[PDB]
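Before any comments, here is the structure.
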Amino acid sequence: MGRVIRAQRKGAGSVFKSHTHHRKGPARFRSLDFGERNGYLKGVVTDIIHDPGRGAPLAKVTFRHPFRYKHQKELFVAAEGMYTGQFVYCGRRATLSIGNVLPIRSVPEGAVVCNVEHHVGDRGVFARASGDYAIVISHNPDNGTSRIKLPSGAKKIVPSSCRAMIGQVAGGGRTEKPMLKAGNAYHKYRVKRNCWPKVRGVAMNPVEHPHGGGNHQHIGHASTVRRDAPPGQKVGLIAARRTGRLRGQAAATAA
RNA sequence: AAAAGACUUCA
RNA sequence: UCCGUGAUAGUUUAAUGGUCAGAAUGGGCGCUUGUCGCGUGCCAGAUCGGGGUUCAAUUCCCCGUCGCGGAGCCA
RNA sequence: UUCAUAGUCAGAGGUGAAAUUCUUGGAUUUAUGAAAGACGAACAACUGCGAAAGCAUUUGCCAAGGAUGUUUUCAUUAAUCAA
RNA sequence: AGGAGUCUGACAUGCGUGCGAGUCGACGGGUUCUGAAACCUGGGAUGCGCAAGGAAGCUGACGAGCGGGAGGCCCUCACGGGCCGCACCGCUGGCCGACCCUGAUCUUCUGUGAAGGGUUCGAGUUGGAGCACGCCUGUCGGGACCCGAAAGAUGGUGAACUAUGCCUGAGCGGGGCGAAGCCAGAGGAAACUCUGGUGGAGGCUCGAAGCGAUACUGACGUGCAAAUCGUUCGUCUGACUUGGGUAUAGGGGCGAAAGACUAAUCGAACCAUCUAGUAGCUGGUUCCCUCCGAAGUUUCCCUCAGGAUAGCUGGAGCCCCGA
RNA sequence: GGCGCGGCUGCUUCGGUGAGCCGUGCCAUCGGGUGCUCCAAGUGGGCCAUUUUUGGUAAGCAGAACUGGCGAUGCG
RNA sequence: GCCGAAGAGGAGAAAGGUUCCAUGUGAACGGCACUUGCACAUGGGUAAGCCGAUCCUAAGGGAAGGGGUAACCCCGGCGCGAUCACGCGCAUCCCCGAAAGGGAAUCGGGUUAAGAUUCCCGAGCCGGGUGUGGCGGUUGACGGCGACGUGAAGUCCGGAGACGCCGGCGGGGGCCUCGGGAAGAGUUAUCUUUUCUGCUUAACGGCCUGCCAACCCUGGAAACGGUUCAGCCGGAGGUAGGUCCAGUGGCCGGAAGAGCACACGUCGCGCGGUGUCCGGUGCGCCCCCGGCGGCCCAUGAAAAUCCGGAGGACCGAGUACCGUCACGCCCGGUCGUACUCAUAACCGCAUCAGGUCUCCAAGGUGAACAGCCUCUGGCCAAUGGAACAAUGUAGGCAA
RNA sequence: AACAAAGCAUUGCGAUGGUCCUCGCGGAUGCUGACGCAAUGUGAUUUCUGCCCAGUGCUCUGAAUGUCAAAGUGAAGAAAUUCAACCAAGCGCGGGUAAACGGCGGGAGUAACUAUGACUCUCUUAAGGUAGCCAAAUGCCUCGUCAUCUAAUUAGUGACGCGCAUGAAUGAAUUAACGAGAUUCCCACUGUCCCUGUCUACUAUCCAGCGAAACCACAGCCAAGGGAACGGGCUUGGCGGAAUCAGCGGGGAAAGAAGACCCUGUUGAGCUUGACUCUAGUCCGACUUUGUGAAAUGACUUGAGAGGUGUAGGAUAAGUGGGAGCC
RNA sequence: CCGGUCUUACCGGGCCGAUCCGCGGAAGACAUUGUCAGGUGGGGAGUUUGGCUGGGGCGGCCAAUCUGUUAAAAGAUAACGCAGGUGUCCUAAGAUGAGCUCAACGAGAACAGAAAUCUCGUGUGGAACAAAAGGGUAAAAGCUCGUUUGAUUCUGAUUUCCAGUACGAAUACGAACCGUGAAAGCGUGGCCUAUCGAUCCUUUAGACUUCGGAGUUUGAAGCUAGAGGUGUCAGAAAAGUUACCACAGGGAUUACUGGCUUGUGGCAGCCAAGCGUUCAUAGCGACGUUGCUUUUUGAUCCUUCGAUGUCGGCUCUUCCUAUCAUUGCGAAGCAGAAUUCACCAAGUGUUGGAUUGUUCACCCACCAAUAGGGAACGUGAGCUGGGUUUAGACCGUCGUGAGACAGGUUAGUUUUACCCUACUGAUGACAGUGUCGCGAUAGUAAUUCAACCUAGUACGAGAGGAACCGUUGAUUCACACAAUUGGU
């Protein structure tokens, strides 16, 4: 049989983890007391600070409104075009301006949003990463459902009460340009949850992977491996729909 | 609104 | 050199239950067409070499020539 | 087109002819409703405008340019031009 | 000097001794010496026997010689035969259950049971037995004559070595080359261009501290050293080097993945235990003498480096033909 | 071993025969090289020579047969 | 003669664990001698308010439900006022975790065989904790256009500490250096003299000509002007100029006719001299420090502590209220400190050519490497003797 | 030359993510969000990346038909035991899918000089090797053949060439820079060489002192022969004055290691897989947790009705007691 | 609004002052656990993975069974010994009885050749009997015809199995029961010589037995007998790799050195077809045949697996002769003359380079010629370390894969202080002394070339082109010295 394949090493352990202490703080969207046509939540962006845990920026927002419990703060997710000294509005009668957060119901159809909730008050799930955005296609006055298209193209049915932020996430185009030092890849790995560099399965000797062994390097068996297959076996193309470059489309996806 | 291709050189 | 794996018409290549052998292409003959070709009807194998068993062997054994794959450590 | 809902049967799609495709797990075709994306039919004409490329939903905003008419200014100031 | 047939059980025996169709004694009490033990005794325990068969019902006799050949007698005695007579072996056949067949008398619910035969198996006579301990010898066993491997398993102890991570510090002489783009000078309508020039980017170059470890296939090779020395060679602002504090622990970890690395131990760490593993394999197994004196063949066998069963041997008893 | 007497029996005609059995009498060049029982051993891998072989060019080959020796046998 | 970033200088971390100092020995050690020693024996030495521990918090060791797991084992009111005694307010807890992250305060001279920034002598300061008076002030401060300089419960907001890499200007430091040239030392087969040491003093109470950066100060009013090493800056008002703030291990000057030797000259004391010398060069951008530009698919710790903004209920009469000066005092209650730190004190079985961390990158010529040096300083490794063949190992040169 | 790498592709993932550790809590995912995370293939640039879905892998839809477990459910039935009906995922039935595993052959005849073959055939098993490269770090034959270079070159380089057995992300070709990587040539130079010398140093040697191990059944001459066929010693021959110093290591099958090779042993161990058997994990159906009801559509009591398909018989003799009369 | 107070006042307490009333979301009889069922399931774990055998593989059956030969044996008898069969096929391809007798050849029949068919004559085992071999048999055991069912049940003495060991098989009976047949008899499977499967379980057969108060149904348990898998045939449920390896052993067994052999290899003799114009023997020489060597290859398995260090090379000593050169020779198809073949002969020589790890061999210029063969393929307590031959890696080929190849490639370690012995070299007693000597005996030193004299002679048509001494010098080796030249 074998010594454990790296995929089990994910598992638990100090080596597989991110530097979670290092991450900058929780960036959850403030669950509104109530009302909010301008300023029972008014923010000023004061600063824009990088998030190591995702590599795109946050905007530092204060947020100052009262009560007790009152709760306010802090570093909310940046959208494109957010600047120091711009106003942020968070809630139901917030102005429809980029950087403001409000429930989907309040948003006009055809407006790009980010930090969209799965479930109301979870504060925001979908459209997060750099330069991505969901697109709110349908509402109507929809008591029942607000239809949003996520960046993959899947059309998601969400409760109209789910809040989102208008605009697309900052940092777009990050993906376009090539890393162009091994060392650039290296530090970028250090920050995230990953064991790098990666040795190819074929490169190893048999004990380390299903791919390993053989004088010349090659996968002894067919690469694409079972949904049924157990952990340790399941490597390569897991249960692949198709392979090789030709004749597909993006995901389509029914409701 | 057309199934269907060729066809040696110099005179 | 050892263990595995085949061969059937000019060529590529199906097939059986022991009594029965095919296809496609290529080719041989007509018709298309002014003439070739595209197309259209017609035709034609000692099942590798070899011996044995049987009522009857293309089919069941054994050998061999060739073409294949796969092994051949610790020097 | 997709989604949902209504109803419903043996086709549909497509062409030269067909097949691929789609198809009983109820399609397509049919009605209404939603969201998204694209484009502006009808209008659009031997037609108008920008220096040219080009530019066509109506509608609102900033701001340009060519007509004219004035006889105001420079009173012939100007023209074309490789780089 | 130490260093190998031990220990006792079972099952089978040899040799011996007491009673002998039963024998056989714990445990208690009774009692001395002695922690002992002994003796009397109830007599546990109910073996092996005393007769057997078989799934189970349930059933269940002991008479005979024949031959060889022990020995007595009769005789008659130089010889000698006749008879019985039993050892013991060979040979014969009936019986008692089981199987199968015929079954009387008859009982008359029901079936028992004379006579007789076949058949194999076991049993019974002239082939009548044991028990008990001791002392032997074997077999199997328990570590099983003794030593001798790699192992597998459980639970602990290791990241002071080393791998990777994290935290937080520290280190990199000096020199070379010259990316951003802007000045002047100069051109063009613009676009932007030429030449001088500045500034300095870099898993950049030559190289110090520091890291690494290519070559002599040198020196050493019971060393300075359980991987060292000299000289050579590579890197040296980076995916770099490194101090400390520190994660991740055994088919698990860690690996830029070599089966590399986890305290001199890694294709599965170390410790202790299971454990006196287990070895058809190698080695060894310690006093004298006597009588006789090998096999290296045959069938079976996951069988051919062994078992098994005869074959080859030898002892111990019993008896009196054979080329 | 052979004979006679007497009983019983068999297989194969209500048919012919011996054989078997029992009972009873009669008459007849070697020389212990040897039987039976219990329990135990190494084995349960050989060799060679001679003779006869079969394979193999052969072989200090391989593999049998028949025997004597070595193994386990001194001494000359 | 050798050692030179330490093939052998100084200070230390870990680790050792008394190895240190002294005296006395010499059986064993030291791979040999030994009078010696890091061997043996006996005595002796380490002294902290101001060094460090200590307090904080960082990967994480986690204490704290519930629950798997028998189980081992593993994941995830308190506080404060308040004096008369009593009531009021809130959100994520609490310890360990760096003797090299962060941090309240000390130097100079002297002295011991052995300690020493540790005791002393002089001087200073801190922290923590009760009294005192000078007065600076009083319906909670004047001055300076301004900037800015010279009370107090309930209650919110917060810096410093506190932070990456590259390049790299500026201040100035101790250096290196030169000369005027003291004071005093070398030395001349044969001189000019030069050459050499040497001229040195705190921490810090007080003064500063106080750089850069910010001055959206004021004031001025540039459409081309100012200005850098470079980028730049400006009419959301440039350059002048009237102002500010504002560093330092940094100028001054005091601490300080406090101070031990440096050297010579002296029995001892003393006395003189040096310590109250002058001036400057060399991007040595070195270490400390303040700025700038550039850079990252990569963004560079936290808390303790120090410390103030507010925004204020209450309280301000010959009564009564605060806060730097000064000052007076007490406390200062814990542990550690020796020595080695390595070709002999660590790890490696050894007095092992191995391995093992920080600072001293400013010692002189030459910065191409390497060498040589010197007032630091340190050393001649536990074997010698006499020849010198071949063999061998290091190694030069060969027509 | 291995690994990494930046760059290039497939695939899984809609969040309580899929995936890893874990009985579990929970954690790691991720205090992230498809421009993200995992799982894998290949490996800068540049030009490119052909054909095959038959087998294997995997995936898709399956409201319909042959196979497809258990339970509940029906039949015989005292049980139970035998049988049925229902049927998931899974075989079947069908498709997609090679930058998935991988594959890319076979033999023929033929031109108006011969030569050669543009031209006509199919089969295994899906296809039948395109661009390139090619005497290859892949070529057996083999030092292939030609050329360069050298005197002379199994080397090296260039060209050819049915390639024993090249070839496209099992990546093909190509290629600047880089390199303690592999091979070759030239100049410079030289003691590597002709061919050895002298010289230094420390050893050596000798002296004083200190003072070891390995190893040791064995006395220890040569040439022959013999012998278990590789004798220091038997046998015959031949030689030898001992002892001691220094050396060259010929021999003692010299010491040093119970051969790593190889064979066996009903030995071990790591690894593999479509041997065997199992065990986690995943998918899927059922049972508890568990409470409701629309009806559509299955079923049971009573009660009141339409009627009851064996030969002949108008039609109603399905089959039982009753049975001479009920209004 | 109330209370307290000093009611031109001050304090406390309650209510109202943007509200009455009555944790959030999602989702819900699912899901998630708990449990069970089917499917996938080297992710993990435990395991196995057939012998023989001229080494194990790899091919093969010679792990069961028959035979002619082997086989010397009455019986028993080996080899991967020769030769070849059986693992089926048969209710007629059995049984019996009556009745017939061949295969085949000649002769005869228009057509028919394959021509049967039909006839006659001769016809002894040559035919016929399913099937190997072999042996057997002529009113049959073979043929023909009818009938029949005994290929029935149960039992077995005994032989084979095997000298005593099982299943199997045979060779007979008896008991029961039939047939045919005239019957006597024959008939206990196949002409004969004999043609296969335990053990649990299951299956059924027949009858009977049995399962713990009585009583009654259901099944179970069982005796005796037959059929269902074991061809690894006297009976396992069952694949590989390891070059990462490990262990116990074996020279019981390989590679490998040695030894035996000597087919192979090398060399020779004999004979002499034949060719060389003619001429066997100047030369060349087949077929055939006998040998010698031990230095290639093969064979064997004696020696070592508690260890024999590998190839190639280098250097260093020694040898053989089957002689390449040199000396002396003989013949010639030897006019000179280059030569060609061969005799005696081992003294001395036998080289330097290019490719390749190479040995070998190819090539180049040399040379007088650049011989071959042994000494453990002489030579690792000398060296070297390129190949071979570990662990890393690539390519090609094969394999599902681990991984493999007498397929290629890059990288990849060389321990020891000499006790004995051997020799080189130095010491060194006894004896009446030192020195000078003798010389038994022991080691070997000179080899070869070029050129000149002879001679442009001999010999020769010519072309070309010799000898002996006499002279000079140099290659190679040895000893030695150092004036010179050269090094230091």
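Numbers at a glance
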read-out: Matching residues, the range A:209-224, being of a type in the set (A, V, I, L, M, F, W, C) and surrounded by fewer than 14 Cβ atoms within 10 Å (Cβ to Cβ); value: A:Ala222
read-out: Strands (runs of 3 or more DSSP E) wholly inside the range A:83-156 that include at least 2 residues being in contact (Cβ under 8 Å) with a residue 60 or more places away in the chain and surrounded by 15 or more Cβ atoms within 10 Å (Cβ to Cβ); value: A:101-103
read-out: Some residue of the range A:32-48 being in contact with a strand residue (DSSP E or B) (Cβ under 6 Å, 6 or more places away or on another chain), closer than 30 Å to A:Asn194 by Cα and outside any loop (DSSP other than H, G, I, E, B); value: yes
read-out: Of all residues in the range A:49-75 being over 16 Å from the mean Cα position of the chain (by Cα) and hydrophobic (A, V, I, L, M, F, W, C), the one that is farthest from A:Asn194 (Cα to Cα); value: A:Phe67
read-out: When residues of the range A:157-172 are limited to those that are under 25 Å from A:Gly81 (Cβ atoms) and of a type in the set (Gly, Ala, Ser), the one surrounded by the most Cβ atoms within 10 Å (Cβ to Cβ); value: A:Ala164
read-out: All positions within the range A:100-125 that are more than 14 Å from RNA strand I (Cβ to nearest atom), among the hydrophobic types (A, V, I, L, M, F, W, C) and out of contact with any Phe, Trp or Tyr (no Cβ under 6 Å at 6 or more places or on another chain); value: A:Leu102, A:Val107, A:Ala111, A:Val113
read-out: The range A:223-251, residues that are within 16 Å of RNA strand D (Cβ to nearest atom) and not aliphatic (A, V, I, L, M); value: A:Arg241, A:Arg242, A:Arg247, A:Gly248, A:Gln249
read-out: Within the range A:233-251, tally of residues that are more than 22 Å from A:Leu150 (Cβ to Cβ) and under 25 Å from the mean Cα position of the chain (by Cα); value: 6
read-out: Residue check, A:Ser161 in contact (Cβ under 8 Å) with a residue 24 or more places away in the chain, within 30 Å of A:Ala222 (Cα to Cα) and either away from RNA strand E (no atom under 11 Å from the Cβ) or in contact with a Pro (Cβ under 6 Å, 6 or more places away or on another chain) (or both); value: no
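Here is a yes/no grid of residues against (1) in contact with a helix residue (DSSP H, G or I) (Cβ under 7 Å, 6 or more places away or on another chain); (2) of a type in the set (A, V, I, L, M); (3) surrounded by 10 or more Cβ atoms within 10 Å (Cβ to Cβ); (4) touching a residue at least 24 places away in the same chain (Cβ under 8 Å):
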position: A:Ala182; (1), (2), (3), (4): no, yes, no, no
position: A:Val199; (1), (2), (3), (4): no, yes, yes, no
position: A:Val207; (1), (2), (3), (4): no, yes, yes, yes
position: A:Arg226; (1), (2), (3), (4): no, no, yes, no
position: A:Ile238; (1), (2), (3), (4): no, yes, yes, no
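Here, each number is a calculation from the coordinates, and none is a lab measurement. Reconstructed Cβ throughout: ideal geometry from the backbone, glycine too, with neighbour counts over all protein chains shown.
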